[PDB]
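Take a look at this single chain, the form deposited without the named molecule, given in structure tokens.
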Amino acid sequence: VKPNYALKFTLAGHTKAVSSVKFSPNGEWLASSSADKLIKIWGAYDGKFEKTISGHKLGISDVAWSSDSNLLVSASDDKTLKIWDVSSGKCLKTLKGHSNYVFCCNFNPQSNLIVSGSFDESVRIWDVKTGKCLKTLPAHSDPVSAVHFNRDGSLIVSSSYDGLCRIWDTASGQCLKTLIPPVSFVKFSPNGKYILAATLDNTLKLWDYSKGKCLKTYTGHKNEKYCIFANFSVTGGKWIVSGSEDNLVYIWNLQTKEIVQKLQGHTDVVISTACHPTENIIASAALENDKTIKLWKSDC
């Protein structure tokens, strides 16, 4: 069994590199963030442009959705995070506290908290309703590349250029685990039992974090420079999805670690990929020489 992702739509509009693409939890929309200091909303099934959301002073590195698909959070080079209302396209709150570029962001499953990672080497926890910083973790000794809440929002996994992956207890802020090349990306598996981490040695690793053991190694793609998003594709077959510095989207069989598909269409590094929550749909976004988002669909 191999997927059969076919190109369906190209979403053009951004004037600079696209940095992140995310599908809304309700499966209706796609949000994109860009180096052009803009956020664009698009139809998840048709690629139809919906809205442009502006406010950030410098380029946006990440964007994330609240659980109810009504809010977005963005991480910008202006050292801030902005909570937006997706309906109005208006900035509700501006999260101030980080001393350098905010690189990554995420809401918790409840969507009452926001986790953020920055070049200031820290991980911050914010309250959505008040826009206040609740906890400032001295998480790492190099820029924080990724931050993610687990299934119940009880754990935060962070990664950094220091070469470490840290698992943190949300309410206490304590470090529960440090997993021992720069770590460019990290996230929990949908069940929260595993973590998928990318390193800048062209490698993806599936870890059982509590046991502190790497279970699977995924390679064949190019990744030595960029913090490329990787995903678990679960709607059909079980795949690992990731962009690559060779302008392809890579798809691996989760069990065999074999490459099953390489999606060709982008003219620059594929910085971000997202998997639709209910359909076999992949969104891919590329850098400066491309600036487009592509939507691909499959049987499995």
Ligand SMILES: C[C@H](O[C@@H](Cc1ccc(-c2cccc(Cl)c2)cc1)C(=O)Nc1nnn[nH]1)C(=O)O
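Numbers follow the displayed sequence, beginning with 1.
Below, we turn to the form deposited with the named molecule bound, even though it does not appear here.
A.B. asks: Is the named molecule in the entry with it bound near all of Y194, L215 and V234, within 4.5 Å of a heavy atom of each?
C.D. replies: All three within 4.5 Å in the entry with it bound.
A.B. asks: Of the options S189, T80, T203, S111, which one has a non-hydrogen atom that comes within 4.5 Å of the named molecule in the entry with it bound?
C.D. replies: Checking each option against the named molecule in the entry with it bound, the one that comes within 4.5 Å is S189.
A.B. asks: Within 4.5 Å, heavy atoms only, which of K48, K51, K262, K238 is in contact with the named molecule in the entry with it bound?
C.D. replies: Only one option qualifies, and that one is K238.
A.B. asks: Would you please decide whether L254 lies within 4.5 angstroms of the named molecule in the entry with it bound, comparing each non-hydrogen atom pair?
C.D. replies: Judged by the heavy-atom cut-off of 4.5 Å, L254 is in contact with the named molecule in the entry with it bound.
A.B. asks: Picking from 130-138, 91-99, 215-223, 168-176, which part of the chain touches the named molecule in the entry with it bound when contact means heavy atoms within 4.5 Å?
C.D. replies: The contacting stretch here is 215-223.
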